[PDB]
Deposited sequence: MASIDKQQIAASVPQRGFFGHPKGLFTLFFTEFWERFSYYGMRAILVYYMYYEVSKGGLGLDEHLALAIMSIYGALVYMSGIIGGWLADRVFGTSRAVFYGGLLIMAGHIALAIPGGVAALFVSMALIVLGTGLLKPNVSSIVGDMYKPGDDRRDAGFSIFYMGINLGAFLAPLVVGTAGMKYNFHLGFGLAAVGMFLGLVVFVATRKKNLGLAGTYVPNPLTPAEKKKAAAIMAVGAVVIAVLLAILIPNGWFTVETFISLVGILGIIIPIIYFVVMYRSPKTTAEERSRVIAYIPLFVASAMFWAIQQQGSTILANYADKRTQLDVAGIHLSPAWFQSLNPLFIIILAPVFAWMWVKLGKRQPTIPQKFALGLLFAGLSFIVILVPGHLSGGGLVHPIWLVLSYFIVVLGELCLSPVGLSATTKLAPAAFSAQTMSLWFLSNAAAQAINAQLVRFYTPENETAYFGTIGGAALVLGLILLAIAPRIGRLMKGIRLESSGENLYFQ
């Protein structure tokens, strides 16, 4: 490990809009990675269930939707593994580099002529690569700022703007390309983009980042190097013999992992000898806040799967002479975030002390989440049948964003405020954990998504979210009071 002062001194503190020129390197690296990921994700589900003569792979729609919901859960969970690998063996700079190579290799598999075997390989590479790159790239950006640097939060804000920007642009590029022209072409522009990210990183990291993340923060002790490699080796031999299990089996496995693991985390924390009587109570108080998070993300993440299908199957795409591409509907979430975020930010300041508490804001997200589904089921219920106006789907995304800007910004804060001191490091994973768990559950509910019980589907899920939101409101007083401030 190297002290932050010496590291920061090797980073050119001027260059990119009043920030280090290494921010340019880290903004665009993450941007293009996000770009490729969201672009590839924008057309992936269609590529799976579209018939083979329409360029697709010709899988069952429920299977395709289940894979998508599982994908995110694996990606989210992968960051925890890669975060450990960077911190304990690689270093953030090197781990970002490796992830970039794997991710790109994943897109190449998709872009070249192939079938479902290529799709499964591509998933593994991207999951593994994102787990290395995504959590570690933001870590390097902190290494550029010296202890006391006021610009830090502004630099981070610029960095996160790259995520949303990629999420907005990508479907309007890869989607328009992949859908209208060729599916392998859309997957091709993802690889090209990710390549640019690698090129900008590898070429400009020697000058712009310097000693940033090139060190191993918490290396393995000699004896620990053996055990870790042994387990990895043992695990590698154990998994291979079991290999010698359908895709739906793997799905069920992830689905139950998305339930067991959260239960495991809570019991471990609550029963920890390193905790105090007060810290354990806060852990209990964190439970409904975790459940509410999962319920929210369950509805939120379905926007890239269920509603992606709804746009492909249940929506009037021909409006005003122009034929819309269904993947373009994925641009709606980040677009509203970009727009409404400063509006919400101004609101919370305008409110001041009269603003709702953190637990109260969790319920607000829950109300809007369930409400978005209530709206989304209405037009298909009113009409006798056929396609519905895209204004309904658009309005559905808009409402879910309102719920997001309420819950998401205080998500990490609520976790840190309630997590024990001995578990201060697992604090970001725990927040990311509620999101993955929702998507592992999301995949199990896909079988319920038929054109028949469509109303029952949206109504039950949305109804449950509304019910839970009202419950959380009731216990919001006691929960807010327990927070460490």
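Visitor: Given the full deposited sequence, which segments carry no C-alpha coordinates?
Guide: Residues lacking C-alpha coordinates: 1-2, 247-253, 495-507.
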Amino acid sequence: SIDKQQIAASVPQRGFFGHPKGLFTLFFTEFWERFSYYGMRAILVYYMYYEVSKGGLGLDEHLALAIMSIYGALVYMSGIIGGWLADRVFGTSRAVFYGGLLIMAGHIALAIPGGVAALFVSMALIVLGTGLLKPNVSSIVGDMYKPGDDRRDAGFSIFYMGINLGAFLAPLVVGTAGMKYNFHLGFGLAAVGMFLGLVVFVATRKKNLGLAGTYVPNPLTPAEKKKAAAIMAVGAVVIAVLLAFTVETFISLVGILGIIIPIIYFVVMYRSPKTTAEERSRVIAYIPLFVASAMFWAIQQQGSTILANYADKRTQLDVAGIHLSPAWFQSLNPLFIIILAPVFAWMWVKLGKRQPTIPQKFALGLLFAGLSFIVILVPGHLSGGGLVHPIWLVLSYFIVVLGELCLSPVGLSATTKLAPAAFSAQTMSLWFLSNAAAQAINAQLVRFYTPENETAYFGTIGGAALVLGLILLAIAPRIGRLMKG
From here on, numbers count along this sequence of modelled residues.
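Visitor: Should the higher mean CA B-factor in the entry be assigned to 180-188 or to 397-405?
Guide: Taking the mean B-factor of the alpha carbons in each, 180-188 is higher.
Visitor: Between 447-455 and 63-71, which has the higher average C-alpha B-factor in the PDB entry?
Guide: Stretch with the higher mean C-alpha B-factor: 447-455.
Visitor: Looking at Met144, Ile306, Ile126, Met295, which has the biggest Cα B factor in the entry?
Guide: Max CA B-factor in the entry, restricted to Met144, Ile306, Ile126, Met295: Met144.
Visitor: Looking at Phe156, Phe201, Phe336, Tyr265, which has the highest Cα B-factor in the entry?
Guide: In this record, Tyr265 carries the highest C-alpha B-factor of the candidates.
Visitor: Among all modelled residues of this chain, ranked by Cα B factor, put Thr460 in the bottom, middle or top third, i.e. lowest, middle or highest.
Guide: Lowest third.
Visitor: Select lowest, middle or highest to describe the third in which the CA B-factor of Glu248 falls within its chain in this entry.
Guide: Highest third of the chain for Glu248's C-alpha B-factor.
Visitor: Hey, what third does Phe432 fall into on Cα B-factor, ranked over its chain?
Guide: Its C-alpha B-factor, which the entry lists for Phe432, ranks in the middle third among residues of this chain.
Visitor: Considering only modelled residues of the same chain, in which third does the CA B-factor of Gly83 rank: lowest, middle or highest?
Guide: CA B-factor rank for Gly83: lowest third.
Visitor: With respect to C-alpha B-factor, does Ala422 fall in the lowest, middle or highest third of the chain as deposited?
Guide: Highest third of the chain for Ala422's C-alpha B-factor.
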